[PDB]
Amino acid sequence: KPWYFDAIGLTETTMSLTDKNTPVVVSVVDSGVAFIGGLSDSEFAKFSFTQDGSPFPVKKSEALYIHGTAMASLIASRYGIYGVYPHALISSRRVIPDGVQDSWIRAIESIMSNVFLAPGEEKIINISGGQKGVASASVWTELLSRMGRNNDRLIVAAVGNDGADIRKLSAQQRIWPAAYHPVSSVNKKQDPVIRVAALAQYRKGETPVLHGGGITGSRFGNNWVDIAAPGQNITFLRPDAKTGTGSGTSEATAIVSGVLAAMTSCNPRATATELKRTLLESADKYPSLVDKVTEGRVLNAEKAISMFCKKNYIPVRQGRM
């Protein structure tokens, strides 16, 4: 089993709280997923927002070929790699490389067209990356504000690697949708984005630190990062069925997405605000990580999933009165 399961508390008892019956589908907005090995039974749907039209990844770069499969395997792999929520299915929305104009936007707009009726189908949207060089930001903000007003979906967004202080970065160097900086009290409360930073390997109870390094180092900054989750020495699946090991905010985002998927199973009718407030309020708060993460939050999967599944126990499991 992987190290991060004990660190975030993905215990047998916690996982036993989740509802098997709930159709839970995570939206993996990435480079395409190869539904192979542990992901061979995980497909729900596949899409292409790329000029080539293929929903499958391409060998432009090894990083881009493996990216979508890696992310989906951390979320829901049933054997080989240990997915956070193996009962979840995956909806692959390939936006890169050779993406169409505003491929990221078109994929989120397709999610928001609500073709799938079940509340837990693409309620959680994993964006283990995103868009740099955003100058207008008008498109992103108008879409993300509508999503917060609709209050049904959550975007789990990587804050990016390069180890940079997001507060000191130029608007053009910041990754979207994570860079979304809601202004009004209304848009701050309705905010559907969960901005995820990467932590270095630790044991539950030990004070974690952000993952460093010039290349895979987590970006940081208070009021630009909502939560920090494991993002170092992470084993993931590759399309060739072999495994790889990696660090960074991509991994950390996929682990948060899996935790939220597990929560969703207990009541997918719960609003985005209900799930975001549970995940963040159940997060461990460290004094040492306050400058790096808003309120120095660290993913507690045991507290997030158990808090959420207990709150819904009487309305969902024991209605009879």
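We number the residues from 1 along the sequence you see.
Averaged over their C-alpha atoms, the temperature factors of 100 to 108 and 210 to 218 are higher for 210 to 218.
Mean CA temperature factor is higher for 269 to 277 when stretches 40 to 48 and 269 to 277 are set side by side in the entry. Across 238, 188, 123, 78, the entry's maximum B-factor at the CA atom is seen for 188. Sorting 141, 73, 114, 92 by the CA temperature factor given in the entry leaves 141 at the top. Ranked by C-alpha B-factor against the other modelled residues of its chain, residue 283 falls in the highest third. Split the chain's modelled residues into thirds by C-alpha temperature factor. Residue 204 is in the highest one. In the PDB entry, residue 61 places in the middle third of its chain by CA B-factor. When the modelled residues of the chain are ordered by their C-alpha B factor, residue 153 lands in the lowest third. Compared with the other modelled residues of the chain, the Cα B-factor recorded for residue 298 ranks in the highest third.
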